[PDB]
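Let us start with two forms of the same protein chain, each given on its own as structure tokens and named structure 1 and structure 2.
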Structure 1
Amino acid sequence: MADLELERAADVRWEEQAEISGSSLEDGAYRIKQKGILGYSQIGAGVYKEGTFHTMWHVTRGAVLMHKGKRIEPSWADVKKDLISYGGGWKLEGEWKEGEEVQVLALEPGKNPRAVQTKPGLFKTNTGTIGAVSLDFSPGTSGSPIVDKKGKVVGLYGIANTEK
């Protein structure tokens, strides 16, 4: 059994003094890490909202997560959408405007969380237009929350559904 733990990185809030363009228990953004022979390694990032932990399916792979002294366990997942919810139903209902700029709360493995302001690329699909946020970030940054102006989470770094 892999030893997967989550660690709180910071609060999830829109950053006003944020850098624009592209230079590349408790609510918040958590690093997802598993213990190794050398030490922990960061495989993903997760969002804690309304007592439910949201992350990419590929990061967790369905494995049980250790938070504090309590084991937090999966409730729902979608392998096609690469989404997994722990302890409750999916709580992130936030949608992108389709025109407004967004901030990515990045969590590079071994780097301070930073907010980066960027405009997602818009591409058509059979299920309706979608916004793509792609930047030069490590794989361990996967699941990093993408927030709108209101500060709600509109996507996870990996893919940003837009409703208008």
Structure 2
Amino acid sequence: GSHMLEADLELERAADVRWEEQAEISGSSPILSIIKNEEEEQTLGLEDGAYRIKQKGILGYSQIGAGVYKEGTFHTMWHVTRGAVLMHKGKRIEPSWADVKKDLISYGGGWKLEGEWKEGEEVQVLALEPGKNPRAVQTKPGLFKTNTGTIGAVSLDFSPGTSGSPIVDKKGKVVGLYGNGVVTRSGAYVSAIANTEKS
């Protein structure tokens, strides 16, 4: 085998994880990224926060997803990294736990995200889309019956490369991550919210 990594996946911090009062007023608001006026996907540029995940190629970096660092643990989607080792400023982060059905993976501990949602509350997607500065978008999840119980979901209203961005409740805690696409009986895909699942 090789002792080098198969892919160079780099983490880049982009925003604090919090509820944004402007987005509660207006429905959406820009978030501070540090001050950056434009995101340049192809360049690269742990503390708690929301990160982009960027893969190196010969043309530069591509943002393949995003995630959240909380309590020494990085959280992202299974589909985004498929368990690949991550790097942040020279530090290697290895996978600790995954649930392929929830499309979740954590690095450097088990799941730490403790947001909550119940029917009729609103949440904010703190979206880190490829090519865009972070934006908080407030939305009301819909409730779904699963074949084992229930789950809330939001509409797939951002780039696929936003997958892993946090979805926060009004306490600033992460109810789930954007981009776990699940199919409805009616044929629609929606983005299911991890912590809202009742099994």
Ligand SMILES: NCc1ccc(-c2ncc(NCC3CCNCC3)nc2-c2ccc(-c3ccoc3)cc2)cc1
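Superpose the two forms; the largest set of C-alphas matching within 1.5 Å is the rigid core. Here, a residue number simply tells you its place in the sequence of structure 1, counted from 1.
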Does the form deposited without the ligand correspond to structure 1 or to structure 2?
2
C-alpha displacement of 2 Å or more between structure 1 and structure 2 on the rigid core, among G62, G51, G128, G36
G128
Here the CA of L92, compared between structure 1 and structure 2 on the core, is shifted in angstrom by 1.2
